[PDB]
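**Student:** here is the sequence, then the experimental structure:
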Amino acid sequence: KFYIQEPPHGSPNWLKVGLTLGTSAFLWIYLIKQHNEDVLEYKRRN
Amino acid sequence: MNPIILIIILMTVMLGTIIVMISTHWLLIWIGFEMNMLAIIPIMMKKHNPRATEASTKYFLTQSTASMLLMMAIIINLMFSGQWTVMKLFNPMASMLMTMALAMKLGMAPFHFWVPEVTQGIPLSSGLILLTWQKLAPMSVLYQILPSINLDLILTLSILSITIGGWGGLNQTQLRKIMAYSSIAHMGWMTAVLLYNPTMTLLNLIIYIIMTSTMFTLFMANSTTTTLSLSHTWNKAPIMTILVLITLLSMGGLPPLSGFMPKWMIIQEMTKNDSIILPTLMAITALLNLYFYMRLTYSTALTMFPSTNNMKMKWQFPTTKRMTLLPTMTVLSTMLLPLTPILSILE
Amino acid sequence: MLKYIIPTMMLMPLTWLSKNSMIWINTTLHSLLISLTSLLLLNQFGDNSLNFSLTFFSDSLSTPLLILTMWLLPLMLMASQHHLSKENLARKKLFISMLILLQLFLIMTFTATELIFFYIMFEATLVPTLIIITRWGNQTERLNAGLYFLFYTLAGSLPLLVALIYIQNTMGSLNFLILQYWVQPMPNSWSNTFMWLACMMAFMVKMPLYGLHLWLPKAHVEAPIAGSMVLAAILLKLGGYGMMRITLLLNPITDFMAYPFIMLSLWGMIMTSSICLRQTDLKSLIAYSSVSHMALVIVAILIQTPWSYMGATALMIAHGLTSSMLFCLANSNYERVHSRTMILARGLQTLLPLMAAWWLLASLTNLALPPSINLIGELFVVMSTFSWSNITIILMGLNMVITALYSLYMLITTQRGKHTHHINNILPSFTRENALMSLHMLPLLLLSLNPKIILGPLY
Amino acid sequence: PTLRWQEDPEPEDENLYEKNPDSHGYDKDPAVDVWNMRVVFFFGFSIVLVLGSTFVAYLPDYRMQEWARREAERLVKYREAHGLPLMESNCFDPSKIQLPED
Amino acid sequence: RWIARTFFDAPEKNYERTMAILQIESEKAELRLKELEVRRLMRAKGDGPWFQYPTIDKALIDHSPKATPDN
Amino acid sequence: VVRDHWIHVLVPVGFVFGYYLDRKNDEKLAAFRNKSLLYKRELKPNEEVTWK
Amino acid sequence: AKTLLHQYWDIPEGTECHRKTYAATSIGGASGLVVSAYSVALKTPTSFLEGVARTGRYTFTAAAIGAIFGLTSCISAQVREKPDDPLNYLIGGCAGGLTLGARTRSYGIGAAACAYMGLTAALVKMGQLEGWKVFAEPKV
Amino acid sequence: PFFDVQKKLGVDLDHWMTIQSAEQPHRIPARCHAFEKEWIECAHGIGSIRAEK
Amino acid sequence: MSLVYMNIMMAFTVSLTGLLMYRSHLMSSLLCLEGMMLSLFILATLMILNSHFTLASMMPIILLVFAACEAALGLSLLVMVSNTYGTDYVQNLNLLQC
Amino acid sequence: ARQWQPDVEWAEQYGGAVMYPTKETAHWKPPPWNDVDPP
Amino acid sequence: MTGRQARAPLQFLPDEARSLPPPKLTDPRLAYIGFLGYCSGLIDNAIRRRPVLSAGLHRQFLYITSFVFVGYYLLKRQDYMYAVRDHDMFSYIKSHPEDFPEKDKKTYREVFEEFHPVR
Amino acid sequence: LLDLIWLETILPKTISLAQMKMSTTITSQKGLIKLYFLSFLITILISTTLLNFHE
């Protein structure tokens, strides 16, 4: 429908979007755990 | 020009710059500059036109005589107090020859006669890699040998570099010669601070490399060599217009935009000495080297030149390149005014 | 003051994600609400200033200019259709967002605690105006006008930065109180003279004075109405604001070194009032009028009397309102006839019966009508300069005579006597233009009732 | 044998009348023109101008004027009832001064 | 009175704000001038830990019995 | 009323946010609460405050 | 160079005259030799006798600027008897600019050279008089 | 920049070609050995300016 | 001051001027660069020999192998220049102008 | 459409290899658009 | 300015930087970095001709996360650098009493100035 | 006379013509390499023996 020689993208892939969401959730959880351990280290040392 | 061979040659450019940075011995400094030359010659002549051949010839002769002058200065250094350490030198003649070698290596105004010629007859990827890496790597060496330099050398070459890279530049309609003269002006702006606080020099290097990457990416998105092609890229797509606007006005160095953090912090840690006439002269020449940016902008995105058709045919086909990293470098190069206390990221 | 900074930011994506033919109503309504909230500022009392941070603070000099900026925004944002109402949706949104960003940097600039921050937001005000006048200049020398604007205002304004860095690292911080409460006299050396000449000459470029005033008229006759009114009113009165703040330092040497600038300002005020008597190009008369009145402002700032500073800020605010309105009437007549000239568009007493009242009332507020604020400013400047010298009042009154002459000639030239009877396209006056005229005039008369607001620090 | 251009013969003068005779200032949409007129004359006059006139018509005593009146009345009554001249000069007490000698 | 009650601020609030803010920025100005004086004397004499450009590391200097007796 | 048209709610809530954050800055800068030599009375009647 | 500008600023100014004009001829001849060396290195005037002509022309004009600058500096210092104000070097720079315009045979270039050489000579006088460390502390 | 991956990895790639008084292949001296040993042990932990003075 | 160092530095400046001023040829310029390479080699080698500085005797051999492959690159570029023309003059490079 | 736009001859000035022609810079021909010199 | 105890590896942040308090979440600088990331994502949807404010929300979230993460570590480095600058400054103040004397705070009862009236 | 013709000659025109003439003297270089290396050589000599940089 509507497209001679159907577009190479636009039809959504399913590896790259899941990879980006997975690494972004991983990066948020890592920085939150890093920040909480840093706050607990600051309150331990002081 | 196989992709394996290109990955190998770019890896050798990376390796040459790392060997320049990482060693505490003069032989690896010379080997790093030399391997950087030997690898950066076949990034040029990626085409086969005689333009790239003559450009690589000019670059090879100037680059090689700079390398031999460097080796002369190092052998004079071992004629005096004898060790191969990267520190304070022990001869004003040796430091004289070495600063002139690095001045030929990265371009000063008695030495810059190879820069617009070698940037004219090459494609944009080769110009990008030579500007970024060839003006990155010897700044490390000057940063290492800064406590033993006669000041008149650096400062005369820097003043003259800023004023000649300004004056030469109001007469070129080519893009690459404009960018080369801008490179000469920014080499002068980095060099004039180097005996006072070198954190400003390395931060100005970071800012100029990000600006040049944005500029050459906005010229890689649409193959242009003259400003008439820039007006046709006004006609084909509107976002390239406003980004050429913002990156040209950030090359100019206007205060709300992030091209003012290099100039103004240099003014600060220049005038915390008793040098005032030299900052006002340098910054009036910084007023001077904005005019060709501004006529470039008037050609691109403020007035509208009449465009040939077949843009009617080009409209069906979207700009389907891949950019290296255009939007991140754009917003980091232009919207980074209020993070000036990332100055102290560097020590 | 953050309660005024952040809704100016929030009014920007308003314009983007409002739909077609609804960006206008939302932006006008919300900027008028910002104007009411701006008028709620006026709290300033007696002994100190008011501090809206170690970052923001308001003198009573900055209060009426700030309310003037946030009042001149919606007036302009309504003033700038019918010459871009046929253009694209994206370019229209870009223009409106550019005006909002220019308001943002003007608020940044008027509530600038530090002089470094003042310089950065000064040239941040300088940035979008070039883009506005070049992209919508509607004439063929808009490139020349924007380029002269740029290089004049930078190349004058630039060693001011070097002088401010030198004061920054010879006397500590640059809050206006700790620049104050600590300021020591600076004797008649030569380096102090060059520091004074750098700072005062940067603002001399910005006002302008006579030797540097061709900066201005191209940037008004070759510019749209939005850039023209903001340029004239807020940028020139911002330059005067900046000189008022920075002249607290360098106390002794201004008597030694401030005679030739007084001179060039007075004789060029006379020559500029003379040059705007015989010109065509109706837009340019108000431009040279602005040059004359800001030369009067410059004489008022460089003499250092409290009467002079009260008269200076009153003259600033009154002339900002009058010249912005008179620019807007000139654009109204240019939208009636695509001329820009003066001897062509004749008649207009018979036709357009209501527009005569606005022309007459704006010409009388330019005439220094005596209960108005313009005569209050000019009168206190005349009092202070006759205290300065007993002989300079001749130039002031000769300026007064020629000012009345050219203003009333500008009235009786375009709108008095005979239609040229080959025009036959002019429509009766819209409600929009008269709404703009009523938004200009009525605050000026209501300040003429109670001018204890607009008199500045030395009330 | 040349023209050097290809664009439209321009322009047509947009008479904003002759399609809406009841029109307000700007273009030919009937409803939003009425909404613009209503919002500029309500939220520009009826809530801005008149309420601003009442707000800065009277407020706390701006730059401390009537307080200065009443304090001066009290202080002139005091300094006239206690012999000394009103506004004695030398506002800083010459007991609390130390001149450099000669 | 209602305008002063519902919108404005006391002169006590603003007055103590001014006084605290002058205390803060007086600390800032004194630290800035002391910074540049420390920097100029530390560059002049070199006794401080800032301007110490790296000299020879003596850990590689390894004294040992050589070949030639007179070194 | 909100999700019908949510565009007109933007800048009044922005102003309320800015006013709240100016009050938060004023609470942050609450040194010299009763250490001025002029505005200094004994604390009264109930709880600990004279401006906030 | 440094040694002959030190020869110029060794003289009390003041008057120890025609030592001043001799040192100023040395300054002008050195500067003209610099400019002639670059302008024969980057142009190659074809031929060598015309190269000698261009070098002699540039050196004679720059030495004439220096000589007349030094003479009118000496004369203004002897007449006004005030070794302090830079207005004597203002007159000096204007005389040098007018003789530059006399050699190049263009009057507007001579007027502009009068203005800028007078301003720069007064600035160099005030830099030596008040004391302005150009190029360097190089300390902090 | 003077990056010190040289020191971080613990690899003595560039500390043997560098100076005299190192470990020569056969344990032999130089011509001016003890002069550099005394000079380096004078100027070891010194900030390169009072090392001059 | 080891008098031979004086004449070898003199020979270095001679080869440097022969590199810099050169007429209508590139092979002679590259060959003078090779002579300058030989000058640096001999000067550094006499220094390392007279100083008994034995572990850093790699400077002459590594200097000369690296600058020899520089000369090889320069010869390949000269052959490319003479391939895209008939000759290898300093003339006929006048295109790609400044 | 009543807004001025730059004409053909306004962009003819942005031609040649240089911007300001003099008595010595006339021979600067514009570069080929392919960056390919003809053999 | 250089080492400052040149044992000194490449060392993006030492263990001594865990003694100063870490930067808080929703400090205004990292919120500005998040806004700059959102504008980066908006303009990345604008470079290619995909529609703005849609069709890239995983890329929007990736850009915001990457910029906030990197800016968090750079802010921790900034705090470390300013702390060690102040520590070295006050150590040099304490280590040299001679060059930094107590200035005689002469009150304005006995400090004379010039006047120069503007008439 | 005073504003237009003289003031537009004294502030814009003289500066703009100075920049134009200096640009047409600097960038007007034909591409011969012998000239560039002779410039390098006379720069080295003028930095060694005339205006000293090793002293």
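**Tutor:** Done, it's in. Numbers count the residues shown, from 1 in each chain, chains lettered A, B, ... in the order given.
**Student:** going forward, measure contacts and count neighbours with C-alpha atoms only.
**Tutor:** Fine.
**Student:** contacts only, for the residue nearest to residue B:198 when sequence neighbours are not counted.
**Tutor:** In space, and not counting its chain neighbours, residue B:198 is closest to residue B:143: 6.7 Å by C-alpha to C-alpha, 6 or more residues apart in numbering or on different chains. Contact partners of residue B:143, counting by C-alpha atoms under 8 Å, 6 or more residues apart in numbering or on different chains, are B:194, B:198, H:1-2.
**Student:** now do the contacts for the residue nearest the centre of chain L.
**Tutor:** When C-alpha atoms, centre = their mean is applied to chain L, the residue found nearest the centroid is residue L:22 (4.9 Å). Listed by C-alpha under 8 Å, 6+ apart, the contact partners of residue L:22 are residue B:167.
**Student:** how about a cut-off of 10 Å?
**Tutor:** By C-alpha atoms under 10 Å, 6 or more residues apart in numbering or on different chains, residue L:22 lies in contact with B:164, B:167-168, B:170, L:16, L:28.
**Student:** go on, residue J:39?
**Tutor:** Counted by C-alpha under 10 Å, 6+ apart, residue J:39 has contacts B:49-50, I:84-85.
**Student:** and of these, the nearest to residue F:19?
**Tutor:** Proximity of the contacts of residue J:39 to residue F:19 (C-alpha to C-alpha) peaks at residue B:49, which lies at 65.8 Å.
**Student:** what is the burial count for that closest one?
**Tutor:** With neighbours defined by other C-alpha atoms under 10 Å in any protein chain shown, the count for residue B:49 comes to 18.
**Student:** wait, it touches residue I:83, no?
**Tutor:** No - Residue B:49 is beyond contact range of residue I:83, at 11.7 Å (criterion: C-alpha atoms under 10 Å).
**Student:** check which residues of stretch B:214-228 are buried.
**Tutor:** Judged by neighbour count using 16 or more other C-alpha atoms under 10 Å in any protein chain shown, the buried positions of stretch B:214-228 are B:214-222, B:224-228.
**Student:** swap that for stretch C:162-175, sorry
**Tutor:** Buried residues in stretch C:162-175, counting neighbours by 16+ other C-alpha under 10 Å, are found at C:162-169, C:171-175.
**Student:** and the closest residue to residue B:1 other than its chain neighbours, how far is that from residue L:11?
**Tutor:** Distances taken as C-alpha to C-alpha, 6+ apart put residue B:46 closest to residue B:1, at 7.5 Å, once the chain neighbours are dropped. Distance from residue B:46 to residue L:11, counting by C-alpha to C-alpha, to the nearest Å: 48 Å.
**Student:** in chain L, what residue is nearest chain B?
**Tutor:** Evaluated by C-alpha to the nearest C-alpha, chain L has residue L:54 as its residue closest to chain B, separated by 4.7 Å.
**Student:** how about the helix or strand containing residue C:201 and chain L, touching?
**Tutor:** For residue C:201, the element it lies in under DSSP states H and E is helix C:191-206. No - against chain L, helix C:191-206 shows no contacts by C-alpha under 10 Å from any C-alpha of the partner chain, the least distance being 12.4 Å.
**Student:** excluding its backbone neighbours, what's nearest the residue nearest the centre of chain I?
**Tutor:** Residue closest to the average C-alpha location in chain I (C-alpha atoms, centre = their mean): residue I:33, at 2.1 Å. Nearest residue to residue I:33, sequence neighbours excluded (C-alpha to C-alpha, 6+ apart): residue I:19, at 5.9 Å.
**Student:** quick check: the one you found is in a helix.
**Tutor:** Yes - counting by DSSP: H, G, I helix; E, B strand; the rest coil, one finds residue I:19 located in a helix.
**Student:** contacting residues for whichever residue of chain J sits closest to chain I?
**Tutor:** Scanning chain J for the residue nearest chain I gives residue J:28, at 7.8 Å (criterion: C-alpha to the nearest C-alpha). Taking C-alpha under 10 Å, 6+ apart, we find residue J:28 in contact with I:95-98, J:16-18, J:21, L:28, L:30.
**Student:** which of the residues you listed are buried?
**Tutor:** By 16+ other C-alpha under 10 Å, the contacts of residue J:28 give I:95-98, J:16-18, L:28, L:30 as buried.
**Student:** closest one to chain H out of these, please.
**Tutor:** For the buried ones among the contacts of residue J:28, the nearest to chain H is residue I:98 (33.5 Å; C-alpha to the nearest C-alpha).
**Student:** so that closest one, which of the three states?
**Tutor:** Classified using three-state DSSP, residue I:98 is coil.
**Student:** check contacts around it.
**Tutor:** Contacts of residue I:98 (C-alpha under 10 Å, 6+ apart): B:113-118, B:120, B:172, B:177, J:17-18, J:28, L:26-32.
**Student:** repeat the analysis, applying 6 Å as the threshold.
**Tutor:** Contacts for residue I:98 (C-alpha atoms under 6 Å, 6 or more residues apart in numbering or on different chains) come out as B:117, L:29-31.
**Student:** quick one: the helix ranked longest in chain I near chain J?
**Tutor:** Of all the segments of type helix in chain I, defined by DSSP state H, the longest one is helix I:58-83. No - Helix I:58-83 lies out of reach of chain J by C-alpha under 6 Å from any C-alpha of the partner chain, never closer than 11.3 Å.
**Student:** in that helix, what counts as buried?
**Tutor:** Neighbour-count burial for helix I:58-83 [16+ other C-alpha under 10 Å]: I:59-60, I:63-64, I:67, I:70-71, I:74-75, I:77-78, I:80-81.
**Student:** send me stretch C:103-111 as PDB with only the CA atoms.
**Tutor:** What follows is stretch C:103-111, C-alpha atoms only, in PDB (Å, rounded to 0.1, in the frame of the first residue of the first chain):
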ATOM      1  CA  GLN C 103      12.400  39.700  26.000                       C
ATOM      2  CA  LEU C 104      14.200  37.000  28.100                       C
ATOM      3  CA  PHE C 105      17.600  38.500  27.600                       C
ATOM      4  CA  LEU C 106      16.300  42.000  28.200                       C
ATOM      5  CA  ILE C 107      15.000  40.900  31.600                       C
ATOM      6  CA  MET C 108      18.300  39.200  32.200                       C
ATOM      7  CA  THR C 109      20.000  42.500  31.300                       C
ATOM      8  CA  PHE C 110      17.800  44.800  33.400                       C
ATOM      9  CA  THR C 111      18.100  42.700  36.600                       C
END
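**Student:** understood, closing this out.
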